[PDB]
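The block underneath contains the structure these notes are about, expressed in structure tokens.
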Amino acid sequence: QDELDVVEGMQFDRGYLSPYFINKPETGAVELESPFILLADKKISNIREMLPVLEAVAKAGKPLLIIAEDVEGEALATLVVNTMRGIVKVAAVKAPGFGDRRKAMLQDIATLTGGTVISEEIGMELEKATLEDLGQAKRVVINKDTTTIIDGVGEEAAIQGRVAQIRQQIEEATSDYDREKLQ
Amino acid sequence: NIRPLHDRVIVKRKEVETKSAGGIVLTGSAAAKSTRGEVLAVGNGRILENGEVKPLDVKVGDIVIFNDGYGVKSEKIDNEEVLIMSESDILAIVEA
Amino acid sequence: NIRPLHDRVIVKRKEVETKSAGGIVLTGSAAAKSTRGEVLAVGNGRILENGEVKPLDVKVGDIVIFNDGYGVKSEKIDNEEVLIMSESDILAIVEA
Amino acid sequence: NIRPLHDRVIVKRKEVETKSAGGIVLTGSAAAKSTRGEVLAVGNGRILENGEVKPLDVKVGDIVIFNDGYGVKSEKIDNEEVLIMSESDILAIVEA
Amino acid sequence: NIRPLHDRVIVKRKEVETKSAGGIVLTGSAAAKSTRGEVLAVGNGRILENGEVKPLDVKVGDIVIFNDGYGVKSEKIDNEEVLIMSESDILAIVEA
């Protein structure tokens with residue numbers, strides 16, 4: 001039979017970087033309620049650059065979702081260990097897309113969630129990132145396949161402005177693949 | 001019992017910090033080996049060119065910041081890890 | 001509290017200059033680590049061959065130009081970054 | 001103001017020769033960094049093994065031939081480039 | 001018989017621990033060469049710059065923690081392996 005599968009908001013195809021982030025085992029998925037979102041343009045392998053952010057998140061008490069180029073090694077292991085220990089309900093995933101599109105999708109997620117993307121080109125550093133810098137969303141569901149953010153706490157005027165910018169990019173575009181990715 | 005010779009010191013390294021300042025558990029490279037350790041024994045003193053032995057400024061039972069390197073040597077006493085290093089290698093003794 | 005040993009000095013490095021002389025914000029390598037830092041503690045003094053301790057020319061609470069190298073050692077006191085280095089490593093103390 | 005420590009010297013390097021002896025303008029590697037610089041400050045003096053400080057033979061306000069190397073350190077004072085180096089690094093002081 | 005010269009010491013290395021603390025037999029790299037050895041002979045003493053010989057702090061018949069390196073030299077006396085090393089190489093003498 002013909003089936004229809006509709007997904008709202010962001011559902012970019014990136015799953016949990018570590019299977020042990022699963023909060024709900026019977027569903028095999030991470031479920032975060034009202035979590036912060038830390039959007040990092042760089043790839044991270046050490047916990048030092050993020051330690052202030054994790055400490056602030058633990059002080060706040062709410063969960064945290066990391067959207068990054070790659071979290072691996074010491075940083076990933078420390079995040080996972082903290083996940084069991086329960087100090088911070090932290091889940092990490094790869095940023096979506098590839099070069100020159102990963103940044104755009106990260107910025108759209110930032111606009112949706114009312115956050116800011118941490119990058120070296122922009123100038124800010126992760127050691128100086130704050131809770132206000134971190135984004136906010138009402139719910140988050142990660143699985144091995146896809147990451148979904150539900151009701152990102154972001155300005156509607158900003159979301160429409162970003163949508164209009166992407167529309168202008170679609171108009172400027174002359175490639176079917178480029179315009180369908182923009183859409 | 002082990003007590004050192006000349007300008008040297010026996011130091012039991014302090015346990016690595018399991019958690020960070022804000023309560024974040026540190027693992028692997030994050031929980032780096034501590035550079036601070038208590039002094040278990042103190043040597044008689046360094047020998048100067050004239051042949052006299054000067055007592056060391058390090059005392060027994062005080063915490064000391066020490067530098068890991070070629071000078072420091074790892075040893076086991078009563079199945080406990082200790083380090084042996086010259087008083088020059090000892091950066092500073094911690095007070096309070 | 002931490003106070004150093006022998007000819008050595010505890011120095012808290014000054015914050016890197018965020019902006020240039022003309023007001024241009026410096027980032028990354030442009031905002032290089034400052035070679036100037038305030039002296040938090042001063043050692044008893046260097047030990048000469050004869051066994052006498054000479055007080056150091058560095059005083060507590062003065063800014064000093066110091067050279068980063070193998071001699072300088074990074075440490076954390078009350079969760080604050082400090083450096084430990086011999087008085088020879090200290091280039092000069094800043095006045096006025 | 002900055003004044004050096006021990007056997008060391010603050011030297012403001014002279015400007016590189018724009019033109020050659022015959023009037024040919026030198027550019028790039030031709031206009032090499034000058035090894036001669038005026039002395040802005042002089043240290044208290046080198047410390048001998050016995051603990052006494054010997055005044056340096058370099059005086060303030062005299063031009064000195066100095067060798068660039070690992071010993072010399074570049075610094076900025078009032079947004080002006082200066083060098084810091086031991087009196088041994090200073091080859092000679094220029095007179096007349 | 002062999003007795004050393006100057007600041008040096010003859011040390012017969014102790015046999016490597018066949019078993020661990022809990023009774024586990026250690027083989028190959030696990031049964032590493034012991035850094036502790038008994039002192040068979042002691043030198044006359046190190047020579048200072050002034051020409052006087054200072055007796056060494058190491059005595060005959062005491063166990064000493066020694067560092068294997070370029071200084072230590074392997075030798076055979078009455079078909080028994082011994083080591084020759086300066087008193088500086090000897091980390092510490094074991095008591096009790």
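Starting from 1 in every chain, residues are counted up; chains themselves are A, B, ... following the order of the structure tokens, and ligands are numbered from 1 as listed.
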
Output chain D as a CSV table (one decimal) with N, CA, C and O atoms, in the first residue's frame, after least-squares fitting it to chain E on all in-order C-alpha pairs.
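Below you can see out-v5.csv, which holds the result:
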```
chain,number,residue,atom,x,y,z
D,1,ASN,N,88.2,-9.6,44.1
D,1,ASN,CA,87.4,-8.5,44.7
D,1,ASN,C,87.4,-7.2,43.8
D,1,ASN,O,88.5,-7.0,43.2
D,2,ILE,N,86.3,-6.5,43.8
D,2,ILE,CA,86.3,-5.2,43.1
D,2,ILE,C,85.7,-4.2,44.0
D,2,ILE,O,84.6,-4.4,44.6
D,3,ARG,N,86.4,-3.1,44.1
D,3,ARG,CA,85.8,-1.9,44.8
D,3,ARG,C,85.9,-0.7,43.9
D,3,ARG,O,86.9,-0.5,43.2
D,4,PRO,N,84.9,0.2,43.9
D,4,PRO,CA,84.9,1.2,42.9
D,4,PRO,C,85.8,2.4,43.2
D,4,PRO,O,86.5,2.4,44.2
D,5,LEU,N,85.7,3.4,42.3
D,5,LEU,CA,86.5,4.6,42.4
D,5,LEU,C,85.7,5.8,42.6
D,5,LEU,O,84.5,5.9,42.1
D,6,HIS,N,86.2,6.8,43.4
D,6,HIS,CA,85.6,8.1,43.4
D,6,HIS,C,84.1,8.0,44.0
D,6,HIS,O,83.9,7.3,45.0
D,7,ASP,N,83.1,8.6,43.3
D,7,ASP,CA,81.8,8.7,43.8
D,7,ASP,C,80.9,7.5,43.4
D,7,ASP,O,79.7,7.6,43.5
D,8,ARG,N,81.6,6.4,43.1
D,8,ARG,CA,80.9,5.3,42.4
D,8,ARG,C,80.6,4.1,43.4
D,8,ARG,O,81.2,4.1,44.5
D,9,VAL,N,79.8,3.2,42.9
D,9,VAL,CA,79.2,2.1,43.7
D,9,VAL,C,79.1,0.9,42.9
D,9,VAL,O,78.7,0.9,41.7
D,10,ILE,N,79.4,-0.3,43.5
D,10,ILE,CA,79.1,-1.6,42.9
D,10,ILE,C,77.8,-2.1,43.6
D,10,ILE,O,77.7,-2.2,44.8
D,11,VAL,N,76.8,-2.5,42.7
D,11,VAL,CA,75.5,-2.9,43.2
D,11,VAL,C,75.2,-4.2,42.5
D,11,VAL,O,75.2,-4.3,41.2
D,12,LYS,N,74.8,-5.2,43.3
D,12,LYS,CA,74.2,-6.4,42.7
D,12,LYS,C,72.7,-6.3,42.7
D,12,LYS,O,72.1,-6.2,43.7
D,13,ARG,N,72.2,-6.3,41.5
D,13,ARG,CA,70.7,-6.1,41.3
D,13,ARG,C,69.9,-7.2,41.9
D,13,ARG,O,70.3,-8.4,41.8
D,14,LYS,N,68.8,-6.9,42.6
D,14,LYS,CA,68.0,-7.9,43.2
D,14,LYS,C,67.3,-8.7,42.1
D,14,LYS,O,67.0,-8.2,41.0
D,15,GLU,N,66.9,-9.9,42.4
D,15,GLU,CA,66.2,-10.8,41.4
D,15,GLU,C,64.8,-10.2,41.2
D,15,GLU,O,64.1,-9.7,42.1
D,16,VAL,N,64.4,-10.3,39.9
D,16,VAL,CA,63.1,-9.8,39.5
D,16,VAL,C,62.0,-10.6,40.2
D,16,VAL,O,62.1,-11.8,40.4
D,17,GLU,N,60.9,-9.9,40.5
D,17,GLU,CA,59.7,-10.5,41.2
D,17,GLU,C,59.1,-11.5,40.3
D,17,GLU,O,58.5,-11.1,39.3
D,18,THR,N,59.2,-12.8,40.6
D,18,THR,CA,58.5,-13.8,39.8
D,18,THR,C,57.0,-13.7,39.9
D,18,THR,O,56.3,-13.9,38.9
D,19,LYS,N,56.4,-13.4,41.1
D,19,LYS,CA,55.0,-13.3,41.3
D,19,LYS,C,54.6,-11.9,41.7
D,19,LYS,O,55.4,-11.1,42.2
D,20,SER,N,53.4,-11.6,41.4
D,20,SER,CA,52.8,-10.2,41.8
D,20,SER,C,52.4,-10.2,43.2
D,20,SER,O,52.6,-11.2,44.0
D,21,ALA,N,51.8,-9.1,43.7
D,21,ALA,CA,51.4,-9.1,45.1
D,21,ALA,C,50.3,-10.1,45.4
D,21,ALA,O,50.4,-10.7,46.5
D,22,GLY,N,49.4,-10.3,44.5
D,22,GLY,CA,48.3,-11.3,44.8
D,22,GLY,C,48.6,-12.7,44.4
D,22,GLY,O,47.8,-13.6,44.5
D,23,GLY,N,49.9,-13.0,44.0
D,23,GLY,CA,50.3,-14.3,43.7
D,23,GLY,C,50.3,-14.7,42.2
D,23,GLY,O,50.5,-15.8,41.8
D,24,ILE,N,50.0,-13.7,41.3
D,24,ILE,CA,50.0,-13.9,39.9
D,24,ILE,C,51.5,-14.0,39.4
D,24,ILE,O,52.2,-13.0,39.6
D,25,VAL,N,51.8,-15.0,38.7
D,25,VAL,CA,53.2,-15.2,38.2
D,25,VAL,C,53.4,-14.1,37.0
D,25,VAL,O,52.5,-14.0,36.1
D,26,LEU,N,54.5,-13.4,37.1
D,26,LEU,CA,54.8,-12.4,36.1
D,26,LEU,C,55.9,-12.9,35.2
D,26,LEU,O,56.9,-13.4,35.7
D,27,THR,N,55.8,-12.8,33.9
D,27,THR,CA,56.7,-13.3,32.9
D,27,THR,C,57.0,-12.2,31.9
D,27,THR,O,56.2,-11.4,31.6
D,28,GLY,N,58.2,-12.4,31.2
D,28,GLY,CA,58.5,-11.4,30.2
D,28,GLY,C,58.6,-10.0,30.7
D,28,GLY,O,59.2,-9.8,31.8
D,29,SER,N,58.0,-9.1,30.0
D,29,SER,CA,58.0,-7.7,30.4
D,29,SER,C,57.4,-7.4,31.8
D,29,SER,O,57.7,-6.5,32.4
D,30,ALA,N,56.5,-8.3,32.2
D,30,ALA,CA,55.8,-8.2,33.5
D,30,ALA,C,56.9,-8.3,34.6
D,30,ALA,O,56.8,-7.5,35.6
D,31,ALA,N,57.8,-9.2,34.5
D,31,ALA,CA,58.9,-9.4,35.5
D,31,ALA,C,60.0,-8.5,35.0
D,31,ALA,O,61.1,-8.9,34.6
D,32,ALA,N,59.8,-7.2,35.2
D,32,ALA,CA,60.8,-6.2,34.8
D,32,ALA,C,62.0,-6.2,35.7
D,32,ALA,O,61.9,-6.6,36.8
D,33,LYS,N,63.2,-5.8,35.1
D,33,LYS,CA,64.4,-5.8,35.9
D,33,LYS,C,64.2,-4.9,37.1
D,33,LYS,O,63.7,-3.8,37.1
D,34,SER,N,64.6,-5.4,38.3
D,34,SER,CA,64.5,-4.7,39.5
D,34,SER,C,65.4,-3.4,39.6
D,34,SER,O,66.6,-3.5,39.1
D,35,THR,N,64.9,-2.3,40.1
D,35,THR,CA,65.7,-1.1,40.3
D,35,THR,C,66.3,-1.1,41.6
D,35,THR,O,67.0,-0.1,41.9
D,36,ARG,N,66.2,-2.1,42.4
D,36,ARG,CA,66.8,-2.2,43.8
D,36,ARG,C,67.8,-3.3,43.8
D,36,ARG,O,67.7,-4.4,43.2
D,37,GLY,N,69.0,-2.9,44.4
D,37,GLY,CA,70.1,-3.9,44.4
D,37,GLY,C,71.0,-3.6,45.7
D,37,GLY,O,71.1,-2.4,46.1
D,38,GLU,N,71.6,-4.6,46.2
D,38,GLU,CA,72.5,-4.5,47.3
D,38,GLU,C,73.8,-3.9,47.0
D,38,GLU,O,74.3,-4.1,45.9
D,39,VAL,N,74.4,-3.1,47.9
D,39,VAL,CA,75.7,-2.5,47.6
D,39,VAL,C,76.8,-3.4,48.1
D,39,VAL,O,76.8,-3.8,49.3
D,40,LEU,N,77.6,-3.8,47.2
D,40,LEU,CA,78.7,-4.7,47.5
D,40,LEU,C,80.0,-4.0,47.9
D,40,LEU,O,80.8,-4.5,48.7
D,41,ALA,N,80.2,-2.8,47.3
D,41,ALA,CA,81.4,-2.0,47.6
D,41,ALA,C,81.0,-0.6,47.4
D,41,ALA,O,80.2,-0.2,46.6
D,42,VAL,N,81.8,0.3,48.1
D,42,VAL,CA,81.5,1.7,48.1
D,42,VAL,C,82.9,2.4,47.8
D,42,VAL,O,83.9,2.0,48.3
D,43,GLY,N,82.8,3.5,46.9
D,43,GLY,CA,84.0,4.2,46.6
D,43,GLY,C,84.6,5.0,47.7
D,43,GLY,O,83.9,5.2,48.7
D,44,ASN,N,85.8,5.5,47.5
D,44,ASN,CA,86.4,6.4,48.4
D,44,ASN,C,85.6,7.6,48.7
D,44,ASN,O,85.5,8.1,49.8
D,45,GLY,N,85.0,8.2,47.7
D,45,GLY,CA,84.2,9.4,47.8
D,45,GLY,C,84.4,10.3,46.6
D,45,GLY,O,85.4,10.3,45.9
D,46,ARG,N,83.4,11.1,46.4
D,46,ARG,CA,83.4,12.1,45.3
D,46,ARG,C,84.5,13.2,45.6
D,46,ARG,O,84.8,13.5,46.7
D,47,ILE,N,85.1,13.7,44.5
D,47,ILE,CA,86.1,14.7,44.6
D,47,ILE,C,85.5,16.0,44.3
D,47,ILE,O,84.9,16.2,43.2
D,48,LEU,N,85.6,17.0,45.2
D,48,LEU,CA,85.1,18.3,45.0
D,48,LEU,C,86.2,19.2,44.3
D,48,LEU,O,87.3,18.8,44.1
D,49,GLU,N,85.7,20.4,43.9
D,49,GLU,CA,86.6,21.3,43.2
D,49,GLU,C,87.9,21.6,44.0
D,49,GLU,O,88.9,21.8,43.4
D,50,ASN,N,87.8,21.6,45.3
D,50,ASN,CA,88.9,22.0,46.1
D,50,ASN,C,90.0,20.9,46.3
D,50,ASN,O,91.1,21.1,46.8
D,51,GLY,N,89.6,19.6,45.9
D,51,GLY,CA,90.5,18.5,45.9
D,51,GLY,C,90.4,17.6,47.1
D,51,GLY,O,91.2,16.7,47.3
D,52,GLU,N,89.3,17.8,47.9
D,52,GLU,CA,89.1,16.9,49.0
D,52,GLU,C,88.0,15.9,48.7
D,52,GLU,O,87.1,16.1,47.9
D,53,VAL,N,88.2,14.7,49.3
D,53,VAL,CA,87.3,13.5,49.0
D,53,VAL,C,86.2,13.4,50.0
D,53,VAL,O,86.5,13.3,51.2
D,54,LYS,N,85.0,13.5,49.6
D,54,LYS,CA,83.8,13.4,50.5
D,54,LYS,C,83.3,12.0,50.6
D,54,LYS,O,82.9,11.5,49.5
D,55,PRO,N,83.3,11.3,51.7
D,55,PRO,CA,82.7,10.0,51.8
D,55,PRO,C,81.3,9.9,51.3
D,55,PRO,O,80.5,10.9,51.5
D,56,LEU,N,80.9,8.8,50.6
D,56,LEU,CA,79.6,8.7,50.0
D,56,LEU,C,78.6,8.3,51.1
D,56,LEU,O,78.9,7.7,52.1
D,57,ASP,N,77.3,8.7,50.9
D,57,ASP,CA,76.3,8.3,51.8
D,57,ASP,C,75.8,6.9,51.7
D,57,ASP,O,75.0,6.4,52.5
D,58,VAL,N,76.3,6.2,50.7
D,58,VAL,CA,76.0,4.8,50.5
D,58,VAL,C,77.0,3.9,51.3
D,58,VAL,O,78.2,4.1,51.2
D,59,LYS,N,76.4,2.9,52.0
D,59,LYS,CA,77.3,1.9,52.7
D,59,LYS,C,77.2,0.6,52.1
D,59,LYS,O,76.3,0.3,51.3
D,60,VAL,N,78.1,-0.3,52.4
D,60,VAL,CA,78.2,-1.7,51.9
D,60,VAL,C,77.1,-2.5,52.6
D,60,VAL,O,77.0,-2.4,53.8
D,61,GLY,N,76.5,-3.3,51.9
D,61,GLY,CA,75.5,-4.3,52.4
D,61,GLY,C,74.1,-3.7,52.6
D,61,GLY,O,73.3,-4.3,53.3
D,62,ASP,N,73.8,-2.5,52.0
D,62,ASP,CA,72.5,-1.9,52.0
D,62,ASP,C,71.8,-1.9,50.7
D,62,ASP,O,72.5,-1.8,49.7
D,63,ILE,N,70.5,-2.1,50.6
D,63,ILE,CA,69.8,-2.1,49.4
D,63,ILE,C,69.5,-0.7,48.9
D,63,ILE,O,69.2,0.2,49.7
D,64,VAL,N,69.7,-0.5,47.6
D,64,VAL,CA,69.6,0.9,47.1
D,64,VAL,C,68.8,0.8,45.8
D,64,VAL,O,68.8,-0.1,45.0
D,65,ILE,N,67.9,1.9,45.7
D,65,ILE,CA,67.2,2.1,44.4
D,65,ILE,C,68.1,2.8,43.5
D,65,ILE,O,68.5,3.9,43.8
D,66,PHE,N,68.3,2.2,42.3
D,66,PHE,CA,69.2,2.8,41.3
D,66,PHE,C,68.5,2.8,40.0
D,66,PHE,O,67.6,2.0,39.6
D,67,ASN,N,68.9,3.8,39.2
D,67,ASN,CA,68.3,4.1,37.9
D,67,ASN,C,69.2,3.5,36.8
D,67,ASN,O,70.4,3.8,36.7
D,68,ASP,N,68.6,2.7,35.9
D,68,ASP,CA,69.3,2.2,34.8
D,68,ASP,C,69.4,3.3,33.7
D,68,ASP,O,68.4,3.9,33.3
D,69,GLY,N,70.6,3.4,33.1
D,69,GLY,CA,70.8,4.4,32.1
D,69,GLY,C,72.2,4.3,31.5
D,69,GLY,O,72.8,3.2,31.5
D,70,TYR,N,72.7,5.4,30.9
D,70,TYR,CA,74.0,5.4,30.3
D,70,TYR,C,75.1,5.4,31.4
D,70,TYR,O,76.1,4.8,31.1
D,71,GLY,N,74.8,5.9,32.6
D,71,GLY,CA,75.8,5.9,33.6
D,71,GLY,C,76.1,4.5,34.1
D,71,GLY,O,77.2,4.1,34.4
D,72,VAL,N,75.0,3.7,34.3
D,72,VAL,CA,75.2,2.4,34.9
D,72,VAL,C,75.9,1.5,33.9
D,72,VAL,O,75.6,1.5,32.6
D,73,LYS,N,76.9,0.7,34.3
D,73,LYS,CA,77.6,-0.2,33.5
D,73,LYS,C,77.5,-1.6,34.0
D,73,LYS,O,77.6,-1.9,35.2
D,74,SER,N,77.3,-2.6,33.1
D,74,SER,CA,77.2,-4.0,33.5
D,74,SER,C,78.5,-4.6,33.5
D,74,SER,O,79.3,-4.4,32.6
D,75,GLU,N,78.8,-5.5,34.5
D,75,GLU,CA,80.1,-6.2,34.6
D,75,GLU,C,79.8,-7.5,35.2
D,75,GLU,O,78.7,-7.8,35.8
D,76,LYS,N,80.8,-8.4,35.1
D,76,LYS,CA,80.7,-9.8,35.6
D,76,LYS,C,81.9,-9.9,36.6
D,76,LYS,O,83.1,-9.8,36.2
D,77,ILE,N,81.6,-10.3,37.8
D,77,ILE,CA,82.6,-10.7,38.8
D,77,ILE,C,82.3,-12.0,39.4
D,77,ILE,O,81.1,-12.3,39.7
D,78,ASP,N,83.3,-12.9,39.5
D,78,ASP,CA,83.1,-14.3,39.8
D,78,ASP,C,81.9,-14.9,39.1
D,78,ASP,O,81.1,-15.6,39.7
D,79,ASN,N,81.7,-14.6,37.8
D,79,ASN,CA,80.6,-15.1,37.0
D,79,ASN,C,79.3,-14.7,37.6
D,79,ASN,O,78.3,-15.5,37.6
D,80,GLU,N,79.2,-13.5,38.2
D,80,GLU,CA,78.0,-12.9,38.7
D,80,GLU,C,77.8,-11.5,38.2
D,80,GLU,O,78.7,-10.7,38.1
D,81,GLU,N,76.5,-11.2,37.7
D,81,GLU,CA,76.2,-9.9,37.1
D,81,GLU,C,76.2,-8.9,38.2
D,81,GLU,O,75.5,-9.0,39.3
D,82,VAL,N,76.9,-7.8,38.0
D,82,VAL,CA,76.9,-6.6,38.9
D,82,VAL,C,76.8,-5.3,38.0
D,82,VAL,O,77.0,-5.4,36.8
D,83,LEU,N,76.5,-4.2,38.7
D,83,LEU,CA,76.3,-2.9,38.0
D,83,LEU,C,77.3,-2.0,38.7
D,83,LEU,O,77.5,-2.1,39.9
D,84,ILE,N,77.8,-1.0,38.0
D,84,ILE,CA,78.7,0.0,38.4
D,84,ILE,C,78.0,1.4,38.1
D,84,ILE,O,77.8,1.6,36.9
D,85,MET,N,77.8,2.2,39.1
D,85,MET,CA,77.2,3.5,38.8
D,85,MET,C,77.6,4.5,39.9
D,85,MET,O,77.8,4.1,41.1
D,86,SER,N,77.6,5.8,39.5
D,86,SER,CA,77.9,6.9,40.4
D,86,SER,C,76.8,7.0,41.5
D,86,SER,O,75.7,6.6,41.3
D,87,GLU,N,77.2,7.5,42.6
D,87,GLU,CA,76.3,7.7,43.8
D,87,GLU,C,75.1,8.6,43.4
D,87,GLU,O,74.0,8.5,43.9
D,88,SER,N,75.3,9.5,42.4
D,88,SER,CA,74.2,10.3,41.9
D,88,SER,C,73.2,9.5,41.2
D,88,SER,O,72.0,9.7,41.4
D,89,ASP,N,73.6,8.4,40.5
D,89,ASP,CA,72.7,7.5,39.8
D,89,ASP,C,71.8,6.8,40.9
D,89,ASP,O,70.7,6.5,40.6
D,90,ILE,N,72.4,6.4,42.0
D,90,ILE,CA,71.7,5.7,43.1
D,90,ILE,C,70.6,6.7,43.6
D,90,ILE,O,70.9,7.7,44.1
D,91,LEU,N,69.4,6.3,43.4
D,91,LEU,CA,68.3,7.1,43.9
D,91,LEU,C,68.3,7.1,45.4
D,91,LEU,O,68.6,8.2,46.0
D,92,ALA,N,68.1,6.0,46.0
D,92,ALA,CA,68.0,6.0,47.5
D,92,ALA,C,68.4,4.6,48.0
D,92,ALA,O,68.4,3.6,47.3
D,93,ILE,N,68.8,4.6,49.3
D,93,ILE,CA,69.1,3.3,50.0
D,93,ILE,C,67.9,2.9,50.8
D,93,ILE,O,67.3,3.7,51.5
D,94,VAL,N,67.6,1.6,50.7
D,94,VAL,CA,66.4,1.1,51.3
D,94,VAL,C,66.8,0.7,52.8
D,94,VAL,O,67.8,0.1,53.0
D,95,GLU,N,65.9,1.1,53.7
D,95,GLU,CA,66.1,0.7,55.1
D,95,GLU,C,64.8,0.0,55.6
D,95,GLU,O,63.7,0.5,55.3
D,96,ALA,N,64.9,-1.1,56.3
D,96,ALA,CA,63.8,-1.8,56.8
D,96,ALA,C,62.9,-2.3,55.7
D,96,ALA,O,61.8,-2.9,55.9
```

When DSSP works through the backbone of this structure, what residues of stretch 2-146 of chain A end up as strand (DSSP E or B), shown as a ChimeraX atom specification?
/A:10,16,24,29-33,36-40,44,64-68,71,90-94,117-118,135-142

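In this structure, atom CA of residue A:46 sits 8.6 Å away from atom CA of residue A:71.
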
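The gap separating atom CA of residue A:89 from atom CA of residue A:19 is 13.9 Å, in Å to one decimal.
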
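Distance-wise, atom CA of residue A:130 and atom CA of residue A:32 end up 19.6 Å apart.
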
Output as a PyMOL selection string the set of chain A residues within 12 Å of chain C, with distances taken over only C-alpha atoms.
chain A and resi 119-125
